[PDB]
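Novice: The structure follows.
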Amino acid sequence: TXXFXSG
Amino acid sequence: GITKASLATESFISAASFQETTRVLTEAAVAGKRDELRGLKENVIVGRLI
Amino acid sequence: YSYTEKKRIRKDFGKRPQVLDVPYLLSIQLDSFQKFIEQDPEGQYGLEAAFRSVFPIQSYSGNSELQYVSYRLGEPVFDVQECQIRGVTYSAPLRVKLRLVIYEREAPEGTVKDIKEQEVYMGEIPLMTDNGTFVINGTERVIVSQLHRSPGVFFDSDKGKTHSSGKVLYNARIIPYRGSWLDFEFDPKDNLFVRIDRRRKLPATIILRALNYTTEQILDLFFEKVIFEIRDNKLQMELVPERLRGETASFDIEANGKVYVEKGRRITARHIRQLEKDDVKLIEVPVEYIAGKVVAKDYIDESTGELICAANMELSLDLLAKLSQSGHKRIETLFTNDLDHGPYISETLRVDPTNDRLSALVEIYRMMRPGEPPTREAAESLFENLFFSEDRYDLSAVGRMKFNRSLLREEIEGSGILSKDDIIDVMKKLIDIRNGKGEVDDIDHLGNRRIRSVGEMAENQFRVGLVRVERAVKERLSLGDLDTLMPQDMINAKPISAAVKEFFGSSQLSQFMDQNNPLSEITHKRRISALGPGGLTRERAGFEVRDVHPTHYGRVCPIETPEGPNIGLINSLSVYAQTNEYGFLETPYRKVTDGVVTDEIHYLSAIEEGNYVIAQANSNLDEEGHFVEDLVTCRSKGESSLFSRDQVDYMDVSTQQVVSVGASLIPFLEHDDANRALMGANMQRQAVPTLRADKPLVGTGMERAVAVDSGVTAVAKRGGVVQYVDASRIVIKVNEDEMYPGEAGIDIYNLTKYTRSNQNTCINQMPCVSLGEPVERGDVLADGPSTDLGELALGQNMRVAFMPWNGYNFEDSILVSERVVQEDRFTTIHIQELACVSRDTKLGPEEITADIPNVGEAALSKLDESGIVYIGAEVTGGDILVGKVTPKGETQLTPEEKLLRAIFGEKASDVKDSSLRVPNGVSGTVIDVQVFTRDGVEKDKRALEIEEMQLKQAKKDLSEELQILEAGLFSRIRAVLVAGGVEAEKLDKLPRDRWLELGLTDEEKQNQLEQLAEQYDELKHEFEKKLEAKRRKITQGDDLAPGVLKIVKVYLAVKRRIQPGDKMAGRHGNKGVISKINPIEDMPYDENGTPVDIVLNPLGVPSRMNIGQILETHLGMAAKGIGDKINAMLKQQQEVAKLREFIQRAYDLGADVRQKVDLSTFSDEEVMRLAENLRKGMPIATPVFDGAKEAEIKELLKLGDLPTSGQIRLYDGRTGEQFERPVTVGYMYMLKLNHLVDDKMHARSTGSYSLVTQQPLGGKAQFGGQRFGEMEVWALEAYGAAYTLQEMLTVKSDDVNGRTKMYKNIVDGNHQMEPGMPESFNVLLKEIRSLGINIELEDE
Amino acid sequence: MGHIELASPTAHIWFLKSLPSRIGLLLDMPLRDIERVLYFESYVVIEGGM
Amino acid sequence: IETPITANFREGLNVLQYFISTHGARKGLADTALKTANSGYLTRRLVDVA
Amino acid sequence: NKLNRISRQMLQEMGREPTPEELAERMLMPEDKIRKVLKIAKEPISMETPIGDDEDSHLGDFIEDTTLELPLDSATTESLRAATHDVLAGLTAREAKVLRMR
Amino acid sequence: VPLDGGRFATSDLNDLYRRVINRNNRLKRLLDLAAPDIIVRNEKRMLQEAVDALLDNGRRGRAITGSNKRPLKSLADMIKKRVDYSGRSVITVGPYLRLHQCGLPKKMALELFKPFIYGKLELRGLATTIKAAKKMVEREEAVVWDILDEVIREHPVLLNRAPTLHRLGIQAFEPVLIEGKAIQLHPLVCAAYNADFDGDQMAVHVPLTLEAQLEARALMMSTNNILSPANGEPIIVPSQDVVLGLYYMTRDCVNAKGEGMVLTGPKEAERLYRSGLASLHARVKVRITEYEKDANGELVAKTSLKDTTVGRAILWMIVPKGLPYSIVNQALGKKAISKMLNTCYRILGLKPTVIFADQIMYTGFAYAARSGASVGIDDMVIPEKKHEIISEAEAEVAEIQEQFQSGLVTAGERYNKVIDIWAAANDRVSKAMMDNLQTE
Ligand SMILES: [Mg+2]
């Protein structure tokens, strides 16, 4: 997803 | 550690300007201490040239 | 919508069909306050409930009774506009009918005879306006709804565990609406403790003792019983085989001559089943087996009467021997284990230091009220008042509901107070949880979190004030004559008014209204916060509360939240969400039966929602028909799962339901990163209204509804025809369609014009209609600020190119064309308010006068007789707005000045110049002056001219209303008079006032004429007294503060043009400051010579990952072309053939496989009218998550004539050489934010200083000084810059001698002056001396 | 700076309430006893010499 | 989560995927905002000690 | 205190705050609106009164020092003295002495 | 003190003192009147409490309060800077600036420098005296400006942005007076301030004394602090567009259009490059003499003709003058540009390296603009492989589902295998994306 597994 | 070391310093103007002002000032006043203005904080407070 | 809303609808471009329209946006406010005010509802909430709680007020003498009959609210003394003008709260008077009743007759049971009844005035309560806002002391305010865990019962545990962490502890908590918390919790030894009012832990059983439960009763409450029998001098146990499960036999388990389990054998399911089958209910046991157990009741030797053992005693060989010896044949013991039936309570009794009810009550009292010993009565009273008296403790209806649902009560109705059964049941559930039967529950779930809207909070403070008023009453009953008392004498309303005024004025949830643009206020009203009274402090607030919970879906927007500290604490209601009566947020879903999706919608709470399987809104349908997918994507519980159509109970209404109103307005949102989307959402709120504002070429389809629900735009109530259109007003004649108006006709809408908002932006409405135009119900009449033809206009559509430009767009900076300033794009109108007061001084009166000491006529030129600048004058920084003289504190001048004055012979004056001047960096045109002078003060031309003007305006306001009313009613009585008694050329002769004398043949029509004749006089008389009321307040009142002679307010208007340092942003989170304004010839341009408006750096795109701005640009390129193409058609040989082309095209975006909606044909004239408006700028709707998709955009680009990519050859305006690659250029929608260099830029040399600290201080004309903090000092230290630092610490701050010497030295040219210890250090030294410690400066 | 002449002596609070009390430490008096004497709760016998 | 997000920002993603994201996004912004405050504290400790 | 009691009474029955004139009527003879207005003196307010600013600002911090003169003034006075001396140097000693004495 | 309204405002210490004095006086009066011991005891204890409250409020017992809502401020509370000649404004990029310069708004400068301006206007005949000078300057009468220009000559101001995390949060710059209300900041220093132009503001300070000014010009100048005190690496270094420009001009290409040209030296090569037939560099050998070998001042290379690019040739012209011809023509990189700047710093010295940094900035921006770099929706290139990989992942997942319902593997094992499969698939599609862009 992006940052933080987000993103 | 850095906290305990920070709290360690002898000069009372510096210490009292850090934290725990009342405690520092009572112990200092009791002991009849003299600040030689060796460090930066003391002089900054004084308005002196560091 | 008339002319199809002038047919600018364009295309929806998304195939999802919304079964329901968006609910009223402001409803969370409007409905809440409507509920709060009520009309004697006899229903929950709304001051009625408060009165019900406070009354009847008991005697405290066994004779008095003050009771409440009903309340009423009067009409507001002053209208909203007036309230804003005079700094007065907009409110209605509250009255209450109360009857003081003697309480029964002496020795005659009940029902005394004499009652004194009166209606008492309780003061005023603030009214909510139409748009959901309040007017408090002149300023518009919004009350933000509050989110909280709320009252109820909660069962939780600790994830942290012991310090070791190798443990698990369970807890329970009862939170009431009013009163002390009640907590229960296990310790690591499995003992149970209670907290009252969050105080220190007490062993739990104390409360049971306080209830009146003996030790025996407690044990009976908490333990299932194992019964033992003594007989044949042997010991037996009444066997329940289940209880043997998981154990090994410690003795031969046998019955009826059969050994079922040999000693040392593990007891199996089969053994238990064998015992059960043979109905074995009694087996022999050894004494050691019983010695382990805890006895359930006291046993005495029933011969001697002496106690053998007490309840909860652990049995022993001795006690068993004694029990056997005494002749007892039954022994009741506790059934416990180390898993699912833990004793806990038994050990708790051991740690409990109390032994009975009285000692428990005493211990509780000591805990509550330490330092004194209580009487029995005091302890009993305190305990009763803790949880068992509704005047001191109330769960509330919602709290009782939650409690009852949690504890599995059949009904949600119940008492506000706790029962002993409630407490017992909570303890039992907690013990069950510890035992492992059942589990805890989570509190952050939106089923356990509810909203307190305006009504609930207002009612809260009202209830508090009411309670204080009751205190005052109860006191007043005892004092004075007890025989002669009216309710008026008994009631003082001051506490209630104080509580309410305090709530609306000083509360944290009461906020200065945000009105920067319509979307700002719209969003502000739908605000929700976890802060405020009864909420988180931000130290309380950790990750858990700020997180986006799964249950936020359809309820709270996951996108729109503040950036920074308040993140997750402040949020926004989802678009389709509603807050129910209990205060839970509900979201709509469509019922699905079989594979068929009904059009019936159920609003579901989160707890309600958790039961079903809910399919996504984008799931395909064959129409009805039935669900068209074999496998559907659905939601149930936390988990998201794929499901068969048969298993689908409900389905989402729209994609829109997830996101807030702000988030909705972001096109291609599905292509934009959430963090950046957050910024876009939040930043749309900050968009400043521009004079030339246009609706975006790329819209989401929400921009009309936002303009509609915020009351800035003016709409038609019913179908009708426009009679008059003006800059000032619009007159609409109703009854054109369906003839709805009856018994008089027409309506006049005055328009707000060049009003000043809270943030100094200008709010004005402009007419969107023309005389004789046909309008339907809900049709747009006037556009408000930042709105275009009923669509939301927060910015402008500009032609943008994405490419680096000479470093001027470096790091998000933005470059613009001078043409934007040329055409006044992004120019914003602003009105500032300045104010001056002239007050009584000890030295004599301050006066507002045109006569000011030592001022030229040049300076005084724009001032009238009074001293106040005249309307229309241009004022620039330093110019005088209001002239004022103040008495001098006075002093003789220095002898040199004596000489100077003598040489130039000016002669000094008693007064000093105090006039209000225009601050630096400000200026404009004076558009208003307001002057208020003390009542009965000497009034001059100042308060006479403006007054006379207001009288002329009011009188004209009556002549226009009587004109519209006359030509509104007589034009209706004429069509009635003609019918039957036709008099064409005869009626248009005699005066209009004679048309009433003419009767008509006996018929029901005559009654119509008669009614119109009564309504004419009635309404007219109401407008006449309406003028009177205006001719009263103007010539009396204003109510000024003590000491103040007069107040003058000057409204100056300023127009601000976009400049370097101003901040622009788009809806996708792309923001930047203007760094360069380069002339048109330097701008990159298309081959046909068109220069671009904005150059944005592409480097801002890839890291931010907000794709949408690009798509918006591409579509915006397409749109840029099509309207232009239409323009060309409009230019030459315009024919309906062009309409054929347009209908072809919209129905072509539709012709592309999926079509959202279709529209075609219609009248040629309507097509022509619509054609110009849509031609100038084509519009577009691209809904959230069901949007325009690439291929369709490519198609429009094809009609646009392409490039399909959206890139075009671009020429460098400096050279003429083309940029070496194709560059995307398209129309982007960009807003100018409220952050402007004009406001922010300030500087100071020297200026005003503070009294005590002597540090530089921000004056009214002197800007003040920046803070040089610890870290900056560190910065200077690391540079080893000693003299710079010393300058910061002395000459440039608090040293009077140092700064004076520095200034003088500088104007004479010099080196740094001698330092002096900073005045704040001398202050510190002197303050330490006052502390009594000797501080001594010492020499070397 | 000015001054107030007290009719009865008053113990400085910093040297009493700050822990451990400086007065208390000097006079070998626990916080409770110093509290009791200073605030008039009980009398503390002094200099008996027999 | 068992199921991934098949979509890429060019294509665009289903509403569920986005919602399930917002959490991560929010955790991120909150992280950075708290982070400035904590980092400042560390810096001050080190300054006080050195 | 009498004024306060009567204002409270009037607010109880009339249904609104009294004017200065009404309070003066109710007070008795020797009281008029002017005396009622003058009479309203109010206890001082704490300099340490909290203000809802970003960093816990105290009311006192917003109050300028009107007593100590601004530095530019000092400069101005110095320059005035100097120009006065320069001018007193030009005219004859007698006519300069007359001015200095006067 | 009397506030603006005429109302009175007092420090709480006055009230505390008042309680103290009241109780003390009353004690004296009670002693003189021979009061019983209970009353004198009460009074004495009250006095102790009042002194307590005066010294520290709240230390012993309930803190004294003016009203219940607020407690009184004692001396202890009292015990436990803002500056002149300072300003602030919104910052905007100033590409044309030299590293040691900043854009300073005219009005701000007029206010900040006002006393100096008065002095100088008195020295010159522009005004009779300082007062006349002030009265004149507010008018803004012409020649005041030119005077202000004369005032700030050689003078430097401090720029600061909060938060000041390290000493480069404050740096000294020579002010260039500019129209407009925005402060203009040099792009190379944005990194050190962590500043960007999305609405950040900066504060300006004026060092007054010769001593302070010398400190600023020697110790604090941006151009004198080119490298991090933390890592020793360059702090002020090319970022974003600059790199983009340089990389664009220094890129390998088939170069079919401009190949095969002898440069006749950097100068002729430059002419031709601007001219025609050279775009986005070319695969052509340049004649430029290179050299600058060190361990000797002589330098010089007899022959220096090497395969190169028009941008690459251009770079040598841009005053490198410190060897590393090899380093040039290796194509530009942000890391590579930082390393180039650093190496230039070490070998060629500080002042000259500063000049090099300015040149690299200028050229970088210049080419960055004309490159035509942009972003369209088609510039994000999907890989045909994606659908394939997704179908594969679906098939493997079905195989794991079947293998699960058989009961061969635990729920946990299944979950782990699904997660692993998907991780690997994500890696695959990443690789496919990068491969699709990478080759052409
Ligand atoms: Mg920034």
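For the structure tokens, the naming scheme is as follows: chains receive sequential letters (A, B, ...) according to their order of presentation, residues are indexed from 1 within each chain, and ligands are indexed from 1 in presentation order.
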Can you tell me which residues come within 6 Å of ligand 1 when counting only C-alpha atoms and all ligand atoms, ideally as a ChimeraX atom specification?
Specialist: /G:196,198,200
Novice: Identify all residues of chain E in helix (DSSP H, G or I) (DSSP on the backbone) and supply them as number ranges by chain.
Specialist: E: 15-49
Novice: Residues at most 8 Å from region 59-63 of chain G, counting only C-alpha atoms, excluding those fewer than 6 positions away in the same chain, as a PDB file with N, CA, C and O atoms, in the first residue's frame?
Specialist:
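Saved the output as part22.pdb:
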```pdb
ATOM      1  N   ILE D  13       8.044  28.059  54.149  1.00  0.00           N
ATOM      2  CA  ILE D  13       7.416  26.831  53.664  1.00  0.00           C
ATOM      3  C   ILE D  13       8.358  25.922  52.867  1.00  0.00           C
ATOM      4  O   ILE D  13       8.267  24.695  52.963  1.00  0.00           O
ATOM      5  N   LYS D  17       8.173  22.135  53.887  1.00  0.00           N
ATOM      6  CA  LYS D  17       7.372  21.212  53.085  1.00  0.00           C
ATOM      7  C   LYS D  17       8.129  20.476  51.974  1.00  0.00           C
ATOM      8  O   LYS D  17       7.697  19.409  51.535  1.00  0.00           O
TER       9      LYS D  17
ATOM     10  N   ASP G  52       2.690  31.071  53.879  1.00  0.00           N
ATOM     11  CA  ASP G  52       2.780  29.891  53.029  1.00  0.00           C
ATOM     12  C   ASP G  52       2.248  30.199  51.640  1.00  0.00           C
ATOM     13  O   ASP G  52       2.945  29.995  50.650  1.00  0.00           O
ATOM     14  N   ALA G  53       1.028  30.727  51.580  1.00  0.00           N
ATOM     15  CA  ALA G  53       0.377  31.045  50.311  1.00  0.00           C
ATOM     16  C   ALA G  53       1.163  32.073  49.500  1.00  0.00           C
ATOM     17  O   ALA G  53       1.251  31.973  48.275  1.00  0.00           O
ATOM     18  N   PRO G  71      -6.351  29.783  40.742  1.00  0.00           N
ATOM     19  CA  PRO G  71      -5.543  29.917  41.959  1.00  0.00           C
ATOM     20  C   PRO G  71      -4.584  31.091  41.845  1.00  0.00           C
ATOM     21  O   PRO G  71      -4.113  31.390  40.750  1.00  0.00           O
ATOM     22  N   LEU G  72      -4.288  31.732  42.971  1.00  0.00           N
ATOM     23  CA  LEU G  72      -3.425  32.907  42.975  1.00  0.00           C
ATOM     24  C   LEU G  72      -1.971  32.571  42.661  1.00  0.00           C
ATOM     25  O   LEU G  72      -1.477  31.496  42.999  1.00  0.00           O
TER      26      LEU G  72
END
```
Novice: At a cut-off of 10 Å, which residues of chain C touch chain E? Count only C-alpha atoms and give the answer as a VMD selection string.
Specialist: chain C and resid 542 to 544 546 to 550 552 to 553 557 to 568 616 to 618 633 to 635 639 to 641 655 to 656 658 to 659 668 to 676 678 1105 to 1108 1111 1184 to 1187 1189 to 1190 1270 to 1271 1274
Novice: Please find the residues of chain G near chain B - the criterion being any atom within 9 Å, counting only C-alpha atoms - and write them as a list in words.
Specialist: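 Putting it all together, I get residues 76, 79 and 80 of chain G.
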Novice: The selected residues should be written to file as a compact mmCIF listing (two decimals), in the first residue's frame (atoms: N, CA and C atoms).
Specialist:
```
# COMPACT_ATOMS: atom_id res chain seq x y z
N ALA G 76 6.72 31.56 44.18
CA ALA G 76 7.26 30.33 43.63
C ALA G 76 6.79 30.13 42.20
N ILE G 79 8.69 32.40 39.94
CA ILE G 79 10.07 31.98 39.65
C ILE G 79 10.19 30.90 38.58
N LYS G 80 9.26 29.95 38.54
CA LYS G 80 9.44 28.78 37.69
C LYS G 80 8.41 28.69 36.57
```
Novice: List every residue of region 321-376 of chain C that DSSP, applied to the backbone of this structure, assigns to strand (DSSP E or B), and report them as a PyMOL selection string.
Specialist: chain C and resi 330-335
Novice: Any chance you could tabulate, as JSON lines, the residues of chain G at most 7 Å from chain C with each one's nearest atom pair and distance in Å to one decimal, using only C-alpha atoms, in chain and rising number order?
Specialist:
```
{"residue": "G:55", "atom": "CA", "partner": "C:1331", "partner_atom": "CA", "distance": 6.3}
{"residue": "G:75", "atom": "CA", "partner": "C:1331", "partner_atom": "CA", "distance": 6.7}
{"residue": "G:79", "atom": "CA", "partner": "C:1324", "partner_atom": "CA", "distance": 6.8}
{"residue": "G:81", "atom": "CA", "partner": "C:1268", "partner_atom": "CA", "distance": 5.5}
{"residue": "G:82", "atom": "CA", "partner": "C:1267", "partner_atom": "CA", "distance": 4.3}
{"residue": "G:83", "atom": "CA", "partner": "C:1293", "partner_atom": "CA", "distance": 4.8}
{"residue": "G:84", "atom": "CA", "partner": "C:1292", "partner_atom": "CA", "distance": 4.8}
{"residue": "G:85", "atom": "CA", "partner": "C:1245", "partner_atom": "CA", "distance": 4.1}
{"residue": "G:86", "atom": "CA", "partner": "C:1244", "partner_atom": "CA", "distance": 5.7}
{"residue": "G:87", "atom": "CA", "partner": "C:1243", "partner_atom": "CA", "distance": 3.9}
{"residue": "G:88", "atom": "CA", "partner": "C:1241", "partner_atom": "CA", "distance": 5.8}
{"residue": "G:89", "atom": "CA", "partner": "C:1241", "partner_atom": "CA", "distance": 4.3}
{"residue": "G:90", "atom": "CA", "partner": "C:1061", "partner_atom": "CA", "distance": 5.8}
{"residue": "G:91", "atom": "CA", "partner": "C:1061", "partner_atom": "CA", "distance": 6.5}
{"residue": "G:92", "atom": "CA", "partner": "C:1075", "partner_atom": "CA", "distance": 5.0}
{"residue": "G:93", "atom": "CA", "partner": "C:1075", "partner_atom": "CA", "distance": 5.9}
{"residue": "G:95", "atom": "CA", "partner": "C:807", "partner_atom": "CA", "distance": 5.5}
{"residue": "G:108", "atom": "CA", "partner": "C:1243", "partner_atom": "CA", "distance": 5.5}
{"residue": "G:111", "atom": "CA", "partner": "C:1245", "partner_atom": "CA", "distance": 5.7}
{"residue": "G:112", "atom": "CA", "partner": "C:1245", "partner_atom": "CA", "distance": 4.8}
{"residue": "G:113", "atom": "CA", "partner": "C:1245", "partner_atom": "CA", "distance": 6.8}
{"residue": "G:114", "atom": "CA", "partner": "C:1245", "partner_atom": "CA", "distance": 6.6}
{"residue": "G:115", "atom": "CA", "partner": "C:1307", "partner_atom": "CA", "distance": 5.2}
{"residue": "G:116", "atom": "CA", "partner": "C:1307", "partner_atom": "CA", "distance": 5.5}
{"residue": "G:118", "atom": "CA", "partner": "C:1307", "partner_atom": "CA", "distance": 5.8}
{"residue": "G:119", "atom": "CA", "partner": "C:1307", "partner_atom": "CA", "distance": 4.0}
{"residue": "G:164", "atom": "CA", "partner": "C:1271", "partner_atom": "CA", "distance": 5.9}
{"residue": "G:166", "atom": "CA", "partner": "C:1275", "partner_atom": "CA", "distance": 6.4}
{"residue": "G:167", "atom": "CA", "partner": "C:1275", "partner_atom": "CA", "distance": 4.1}
{"residue": "G:170", "atom": "CA", "partner": "C:1275", "partner_atom": "CA", "distance": 6.7}
{"residue": "G:180", "atom": "CA", "partner": "C:1060", "partner_atom": "CA", "distance": 6.5}
{"residue": "G:181", "atom": "CA", "partner": "C:1237", "partner_atom": "CA", "distance": 6.0}
{"residue": "G:182", "atom": "CA", "partner": "C:1061", "partner_atom": "CA", "distance": 5.1}
{"residue": "G:196", "atom": "CA", "partner": "C:811", "partner_atom": "CA", "distance": 5.7}
{"residue": "G:197", "atom": "CA", "partner": "C:813", "partner_atom": "CA", "distance": 5.3}
{"residue": "G:198", "atom": "CA", "partner": "C:1072", "partner_atom": "CA", "distance": 4.2}
{"residue": "G:199", "atom": "CA", "partner": "C:1073", "partner_atom": "CA", "distance": 5.8}
{"residue": "G:207", "atom": "CA", "partner": "C:1284", "partner_atom": "CA", "distance": 6.4}
{"residue": "G:209", "atom": "CA", "partner": "C:1312", "partner_atom": "CA", "distance": 4.8}
{"residue": "G:210", "atom": "CA", "partner": "C:1311", "partner_atom": "CA", "distance": 5.8}
{"residue": "G:211", "atom": "CA", "partner": "C:1283", "partner_atom": "CA", "distance": 6.4}
{"residue": "G:212", "atom": "CA", "partner": "C:1284", "partner_atom": "CA", "distance": 4.8}
{"residue": "G:215", "atom": "CA", "partner": "C:1281", "partner_atom": "CA", "distance": 5.9}
{"residue": "G:219", "atom": "CA", "partner": "C:1279", "partner_atom": "CA", "distance": 6.2}
{"residue": "G:220", "atom": "CA", "partner": "C:1279", "partner_atom": "CA", "distance": 6.7}
{"residue": "G:241", "atom": "CA", "partner": "C:810", "partner_atom": "CA", "distance": 6.8}
{"residue": "G:365", "atom": "CA", "partner": "C:806", "partner_atom": "CA", "distance": 5.1}
{"residue": "G:366", "atom": "CA", "partner": "C:806", "partner_atom": "CA", "distance": 5.5}
{"residue": "G:368", "atom": "CA", "partner": "C:804", "partner_atom": "CA", "distance": 6.1}
{"residue": "G:369", "atom": "CA", "partner": "C:805", "partner_atom": "CA", "distance": 4.5}
{"residue": "G:370", "atom": "CA", "partner": "C:1219", "partner_atom": "CA", "distance": 5.2}
{"residue": "G:371", "atom": "CA", "partner": "C:1220", "partner_atom": "CA", "distance": 5.5}
{"residue": "G:372", "atom": "CA", "partner": "C:1221", "partner_atom": "CA", "distance": 4.7}
{"residue": "G:373", "atom": "CA", "partner": "C:803", "partner_atom": "CA", "distance": 5.7}
{"residue": "G:374", "atom": "CA", "partner": "C:803", "partner_atom": "CA", "distance": 5.0}
{"residue": "G:375", "atom": "CA", "partner": "C:1098", "partner_atom": "CA", "distance": 6.1}
{"residue": "G:376", "atom": "CA", "partner": "C:1224", "partner_atom": "CA", "distance": 5.9}
{"residue": "G:377", "atom": "CA", "partner": "C:1110", "partner_atom": "CA", "distance": 6.7}
{"residue": "G:378", "atom": "CA", "partner": "C:1205", "partner_atom": "CA", "distance": 6.0}
```
Novice: Residues of chain B within 8 Å of chain C, using only C-alpha atoms, as number ranges by chain?
Specialist: B: 29, 44-50
Novice: Dump C-alpha atoms for the selected residues as an mmCIF file, in the first residue's frame?
Specialist:
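And here is the file that came out, part.cif:
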```
data_model
loop_
_atom_site.group_PDB
_atom_site.id
_atom_site.type_symbol
_atom_site.label_atom_id
_atom_site.label_comp_id
_atom_site.auth_asym_id
_atom_site.auth_seq_id
_atom_site.Cartn_x
_atom_site.Cartn_y
_atom_site.Cartn_z
ATOM 1 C CA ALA B 29 20.533 28.654 49.490
ATOM 2 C CA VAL B 44 23.090 33.618 28.869
ATOM 3 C CA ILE B 45 20.879 34.151 31.922
ATOM 4 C CA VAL B 46 23.216 36.867 33.173
ATOM 5 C CA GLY B 47 23.128 38.456 29.736
ATOM 6 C CA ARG B 48 26.874 38.016 29.593
ATOM 7 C CA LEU B 49 29.158 37.085 26.719
ATOM 8 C CA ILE B 50 29.218 33.275 26.692
#
```
Novice: Enumerate, in order of chain and increasing residue number, the residues of chain A with an atom no farther than 10 Å from chain C, each with its shortest atom pair and distance in Å to one decimal, counting only C-alpha atoms, as CSV.
Specialist:
```
residue,atom,partner,partner_atom,distance
A:1,CA,C:673,CA,9.9
A:2,CA,C:673,CA,9.6
A:6,CA,C:674,CA,9.1
A:7,CA,C:673,CA,6.0
```
Novice: Any idea which chain B residues end up within 10 Å of chain D if we count only C-alpha atoms, as an MDAnalysis selection string please?
Specialist: chainID B and resid 22:23 25:27 30
Novice: Produce a file of the selected residues containing C-alpha atoms, as a compact mmCIF listing (two decimals), in the first residue's frame.
Specialist:
```txt
# COMPACT_ATOMS: atom_id res chain seq x y z
CA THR B 22 12.38 25.17 44.16
CA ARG B 23 14.40 22.13 45.29
CA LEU B 25 17.18 26.82 45.05
CA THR B 26 16.55 25.67 48.62
CA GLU B 27 19.50 23.29 48.67
CA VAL B 30 21.15 26.38 52.46
```
Novice: Return as number ranges by chain the residues belonging to chain B that are within 12 Å of chain E, counting only C-alpha atoms.
Specialist: B: 1-9, 14-15, 17-19, 39-41
Novice: What does the structure give for the distance between CA of residue 56 (chain G) and CA of residue 16 (chain G), in Å to one decimal?
Specialist: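 Here the two named atoms are 10.5 Å from each other.
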Novice: Quick check: residues of chain G within 6 Å of chain D, only C-alpha atoms, returned as a list in words.
Specialist: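 That gives the following set of residues: residues 28, 45, 48 and 52 of chain G.
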Novice: So how many Å separate CA of residue 337 (chain C) and CA of residue 437 (chain C), to one decimal?
Specialist: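 One can read the CA of residue 337 (chain C) to CA of residue 437 (chain C) distance as 13.1 Å.
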Novice: Could you tell me how far CA of residue 223 (chain C) lies from CA of residue 195 (chain C), in Å and to one decimal?
Specialist: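 Between CA of residue 223 (chain C) and CA of residue 195 (chain C) the gap is 23.3 Å.
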Novice: Smallest atom-to-atom distance to chain F: which of G:20, G:263, G:9, G:348, using only C-alpha atoms?
Specialist: G:9
Novice: Using only C-alpha atoms, find which residues of chain F lie within 8 Å of chain G and jot them down as a list in words.
Specialist: residues 42, 43, 44, 45, 46, 47, 48, 63, 75, 76 and 79 of chain F
Novice: Extract, using only C-alpha atoms, all DNA, RNA and protein residues at most 12 Å from residue 1141 (chain C), discarding same-chain residues fewer than 5 positions from it, and format them as a ChimeraX atom specification.
Specialist: /C:1122,1125-1126,1129,1134-1136,1146-1148,1160-1161,1167,1171,1199
